[PDB]
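Source file: input27.cif; contents: mmCIF, C-alpha atoms.
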```cif
data_target
#
loop_
_atom_site.label_atom_id
_atom_site.label_comp_id
_atom_site.auth_asym_id
_atom_site.auth_seq_id
_atom_site.Cartn_x
_atom_site.Cartn_y
_atom_site.Cartn_z
CA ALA A 1 53.86 38.22 -20.31
CA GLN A 2 50.34 37.48 -19.09
CA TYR A 3 51.61 34.76 -16.74
CA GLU A 4 54.83 35.75 -14.91
CA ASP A 5 57.08 33.95 -12.45
CA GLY A 6 56.37 35.65 -9.09
CA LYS A 7 52.89 36.80 -10.11
CA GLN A 8 50.40 33.90 -10.41
CA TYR A 9 53.11 31.34 -9.59
CA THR A 10 56.60 31.10 -8.15
CA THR A 11 59.30 28.74 -9.35
CA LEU A 12 61.09 26.32 -7.08
CA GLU A 13 64.81 26.92 -7.54
CA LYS A 14 65.14 23.41 -6.21
CA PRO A 15 62.77 21.41 -8.50
CA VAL A 16 61.48 18.04 -7.31
CA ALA A 17 62.06 15.15 -9.73
CA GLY A 18 59.49 12.36 -10.06
CA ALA A 19 56.84 14.51 -8.40
CA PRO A 20 53.11 14.01 -9.01
CA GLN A 21 51.76 16.17 -11.82
CA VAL A 22 49.28 18.21 -9.82
CA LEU A 23 50.08 18.05 -6.11
CA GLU A 24 47.96 19.74 -3.48
CA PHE A 25 48.60 20.25 0.25
CA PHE A 26 46.04 21.08 2.90
CA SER A 27 45.15 20.90 6.58
CA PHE A 28 41.75 20.44 8.24
CA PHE A 29 42.96 23.17 10.61
CA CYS A 30 43.62 25.50 7.63
CA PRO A 31 40.98 28.20 7.25
CA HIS A 32 41.74 28.98 3.59
CA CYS A 33 41.69 25.24 2.96
CA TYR A 34 38.11 25.18 4.25
CA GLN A 35 37.16 27.90 1.79
CA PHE A 36 39.06 26.06 -1.01
CA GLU A 37 37.02 22.97 -0.38
CA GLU A 38 33.53 24.16 0.65
CA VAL A 39 33.13 27.53 -1.09
CA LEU A 40 35.51 27.51 -4.05
CA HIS A 41 35.80 23.81 -4.94
CA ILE A 42 39.33 24.48 -6.22
CA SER A 43 40.39 20.87 -6.70
CA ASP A 44 37.31 20.16 -8.71
CA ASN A 45 37.50 23.16 -10.97
CA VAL A 46 41.20 22.52 -11.57
CA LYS A 47 40.39 18.93 -12.62
CA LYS A 48 37.71 20.12 -15.03
CA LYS A 49 40.34 22.14 -16.92
CA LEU A 50 43.21 19.71 -16.84
CA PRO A 51 44.02 17.76 -20.02
CA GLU A 52 42.82 14.22 -19.30
CA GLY A 53 44.98 11.43 -18.18
CA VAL A 54 46.46 13.83 -15.58
CA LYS A 55 46.68 12.50 -12.04
CA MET A 56 45.68 14.78 -9.22
CA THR A 57 47.19 14.21 -5.77
CA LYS A 58 46.10 15.75 -2.44
CA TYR A 59 47.97 15.44 0.87
CA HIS A 60 47.41 16.52 4.49
CA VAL A 61 50.12 18.15 6.61
CA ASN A 62 51.24 17.83 10.23
CA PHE A 63 52.37 21.36 11.06
CA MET A 64 48.94 22.62 12.09
CA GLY A 65 47.07 21.50 15.20
CA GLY A 66 49.78 19.56 16.99
CA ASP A 67 48.79 16.07 18.07
CA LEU A 68 45.44 16.19 16.31
CA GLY A 69 47.12 17.49 13.20
CA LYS A 70 49.12 14.30 13.02
CA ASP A 71 46.04 12.19 13.73
CA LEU A 72 44.38 13.90 10.81
CA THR A 73 47.31 13.06 8.49
CA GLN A 74 47.01 9.38 9.51
CA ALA A 75 43.18 9.69 9.00
CA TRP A 76 43.65 11.18 5.59
CA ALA A 77 45.96 8.25 4.80
CA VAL A 78 43.06 5.97 5.88
CA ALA A 79 40.73 7.95 3.61
CA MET A 80 43.06 7.54 0.58
CA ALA A 81 43.59 3.81 1.13
CA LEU A 82 39.83 3.18 1.46
CA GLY A 83 38.96 5.60 -1.31
CA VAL A 84 36.63 7.63 0.83
CA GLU A 85 38.01 11.14 0.40
CA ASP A 86 34.72 12.41 -0.99
CA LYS A 87 32.83 11.15 2.02
CA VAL A 88 34.90 12.47 4.89
CA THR A 89 36.42 15.71 3.61
CA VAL A 90 33.46 17.90 4.43
CA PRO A 91 32.56 16.48 7.90
CA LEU A 92 36.22 16.58 8.87
CA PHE A 93 36.44 20.25 7.87
CA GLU A 94 33.22 21.13 9.69
CA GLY A 95 34.05 18.98 12.71
CA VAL A 96 37.33 20.83 13.14
CA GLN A 97 36.47 24.39 12.17
CA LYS A 98 32.69 24.74 12.28
CA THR A 99 31.23 22.59 15.05
CA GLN A 100 34.41 21.88 17.09
CA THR A 101 33.33 18.37 17.86
CA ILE A 102 36.65 16.91 16.71
CA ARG A 103 39.01 16.86 19.64
CA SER A 104 40.59 13.43 19.64
CA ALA A 105 41.44 10.51 17.39
CA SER A 106 38.16 8.96 18.52
CA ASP A 107 36.12 11.91 17.25
CA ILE A 108 37.88 11.64 13.88
CA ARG A 109 36.91 7.98 13.79
CA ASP A 110 33.24 8.92 14.49
CA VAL A 111 33.15 10.89 11.25
CA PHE A 112 34.21 7.81 9.27
CA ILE A 113 31.66 5.61 11.12
CA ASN A 114 28.89 8.12 10.42
CA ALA A 115 30.02 8.29 6.77
CA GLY A 116 29.38 4.55 6.78
CA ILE A 117 32.87 3.04 6.85
CA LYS A 118 32.81 0.08 9.22
CA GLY A 119 34.47 0.06 12.61
CA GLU A 120 36.59 -2.99 11.97
CA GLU A 121 37.53 -1.62 8.55
CA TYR A 122 38.66 1.78 9.83
CA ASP A 123 40.68 0.36 12.72
CA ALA A 124 42.45 -2.19 10.47
CA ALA A 125 43.16 0.56 7.96
CA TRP A 126 44.35 2.91 10.75
CA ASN A 127 46.75 0.27 12.07
CA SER A 128 47.92 -1.12 8.72
CA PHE A 129 51.42 -0.72 7.25
CA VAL A 130 49.94 0.43 3.95
CA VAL A 131 48.62 3.45 5.85
CA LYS A 132 52.01 3.95 7.50
CA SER A 133 53.81 4.38 4.18
CA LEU A 134 50.92 6.55 2.95
CA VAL A 135 51.64 8.77 5.98
CA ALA A 136 55.32 8.61 4.96
CA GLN A 137 54.41 9.67 1.42
CA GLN A 138 52.53 12.72 2.69
CA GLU A 139 55.37 13.83 4.92
CA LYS A 140 58.03 13.16 2.29
CA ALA A 141 56.21 15.16 -0.39
CA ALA A 142 55.74 18.08 2.00
CA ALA A 143 59.39 17.78 3.00
CA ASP A 144 60.55 17.73 -0.62
CA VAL A 145 59.07 21.18 -1.37
CA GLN A 146 59.94 23.21 1.79
CA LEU A 147 56.28 23.42 2.84
CA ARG A 148 55.41 25.89 5.63
CA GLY A 149 52.08 26.96 4.25
CA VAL A 150 48.75 25.67 3.11
CA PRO A 151 46.77 25.58 0.92
CA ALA A 152 49.48 24.87 -1.58
CA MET A 153 49.57 23.43 -5.01
CA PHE A 154 52.62 22.36 -6.99
CA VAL A 155 52.72 21.52 -10.68
CA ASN A 156 55.16 18.87 -11.93
CA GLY A 157 57.33 19.51 -8.91
CA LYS A 158 58.61 22.74 -10.39
CA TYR A 159 55.89 25.41 -10.09
CA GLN A 160 53.95 26.63 -7.08
CA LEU A 161 50.59 28.43 -7.33
CA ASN A 162 50.60 31.96 -6.06
CA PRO A 163 47.02 32.94 -5.10
CA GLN A 164 47.89 36.21 -3.29
CA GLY A 165 48.70 37.51 -6.79
CA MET A 166 45.16 37.02 -8.24
CA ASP A 167 41.89 39.02 -7.84
CA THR A 168 39.70 38.11 -4.83
CA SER A 169 36.79 40.53 -5.41
CA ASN A 170 34.93 37.85 -7.31
CA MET A 171 35.09 34.26 -6.03
CA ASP A 172 34.26 32.65 -9.38
CA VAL A 173 36.81 34.72 -11.28
CA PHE A 174 39.41 33.76 -8.67
CA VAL A 175 38.85 30.03 -9.12
CA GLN A 176 38.90 30.26 -12.92
CA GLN A 177 42.10 32.26 -12.84
CA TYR A 178 43.51 29.70 -10.46
CA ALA A 179 42.52 26.76 -12.62
CA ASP A 180 43.70 28.44 -15.83
CA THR A 181 47.00 29.05 -14.13
CA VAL A 182 47.38 25.40 -13.28
CA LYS A 183 46.45 24.50 -16.88
CA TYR A 184 49.09 26.88 -18.23
CA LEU A 185 51.68 25.49 -15.80
CA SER A 186 50.62 22.02 -16.83
CA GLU A 187 51.44 22.74 -20.49
CA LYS A 188 54.71 24.48 -19.78
#
```
Exercise: express the given structure as structure tokens:
Amino acid sequence: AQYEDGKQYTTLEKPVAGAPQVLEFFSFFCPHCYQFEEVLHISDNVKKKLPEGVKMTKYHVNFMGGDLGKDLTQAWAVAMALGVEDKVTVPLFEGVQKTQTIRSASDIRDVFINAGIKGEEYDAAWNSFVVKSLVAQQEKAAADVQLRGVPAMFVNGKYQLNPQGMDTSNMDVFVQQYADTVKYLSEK
């Protein structure tokens, strides 16, 4: 076949019922995740090829960067609750991996303040129980699928993208192959 289990995707022998349709995992400490966001715009190009009415979910993970890693998962929860993912994703990536000016919870907060979210609003979000269960959702989803690596995308809780098995000579061709794979998996 043109798409084969173990080539552009692997199959979870333990499928995850009730999973989000297109589920993506990342870490602000993850160097391929940086590329996926800044250079490749994976999430966006995937969306552009998905049938519409499909929900796209993206979660942060704890297993990179120790204490800060966890802070970042709570911060991403704050971003999702406030709907400000598109405003903080890039300065969080660059603050962690490019400029190294993110070293504490307080530096993460600065990014949100500079992106124009208000102090009182961030801190209430940060400390709110809605954020707590959003943190719980992120951990549970990662836990459900045996996650030890990022970036990672899962389709319908049964299929996992396999980017090592695609061409990387050309960045644009890579993305398009990636997105077409998701679209195929979507229709399966």
Problem - Atom pair CA of residue 146 in chain A / CA of residue 60 in chain A: separation (Å) - result: 14.5 Å
Exercise for the section: Between A:21, A:180, A:69, A:37, single out the one closest to residue 94 in chain A, counting all atoms listed in the file. Expected result: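 Of the candidates, the smallest distance to residue 94 in chain A is held by A:37.
Take CA of residue 55 in chain A and CA of residue 89 in chain A: the distance between them is 19.0 Å.
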Handout entry: Within 9 Å of residue 153 in chain A using all atoms listed in the file, minus same-chain residues under 2 positions, as a VMD selection string
Key = chain A and resid 22 to 26 58 150 to 151 155 159 to 162 182
Exercise for the section: Could you check which of A:173, A:113, A:75, A:12 is closest to residue 138 in chain A, using all atoms listed in the file? Expected result: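 Under the stated criterion, the closest residue is A:75.
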Exercise for the section: Provide the CA of residue 183 in chain A to CA of residue 50 in chain A distance in Å, to one decimal place. Expected result: 5.8 Å
Exercise for the section: Starting from the displayed file, determine the output of the PyMOL selection byres ((chain A and resi 40) around 12) and express the residue list as a list in words. Expected result: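 Applying the expression gives residues 32, 33, 34, 35, 36, 37, 38, 39, 41, 42, 43, 44, 45, 46, 168, 170, 171, 172, 173, 174, 175, 176, 177, 178 and 179 of chain A.
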Practice task
Using all atoms listed in the file, find the one residue out of A:104, A:8, A:2, A:164 that sits nearest to residue 181 in chain A.
Solution key: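 Among A:104, A:8, A:2, A:164, it is A:8 that comes nearest to residue 181 in chain A.
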Problem - Neighbour list for range 121-134 of chain A as an MDAnalysis selection string, cut-off 12 Å, all atoms listed in the file, skip fewer than 3 positions in-chain - result: chainID A and resid 58:60 71:84 105:106 108:118 137:141
Exercise for the section: Choose the residue, out of A:156, A:120, A:184, A:165, that has the smallest atom-to-atom separation from residue 17 in chain A; count all atoms listed in the file. Expected result: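 So, comparing all the options, the nearest one is A:156.
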Problem - Top pick for closest residue to residue 95 in chain A, considering A:62, A:54, A:28, A:169 and counting all atoms listed in the file - result: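 Checking each candidate against residue 95 in chain A, we get A:28 as the closest.
Using all atoms listed in the file, the smallest distance between any of A:157, A:15, A:119, A:31 and residue 96 in chain A comes from A:31.
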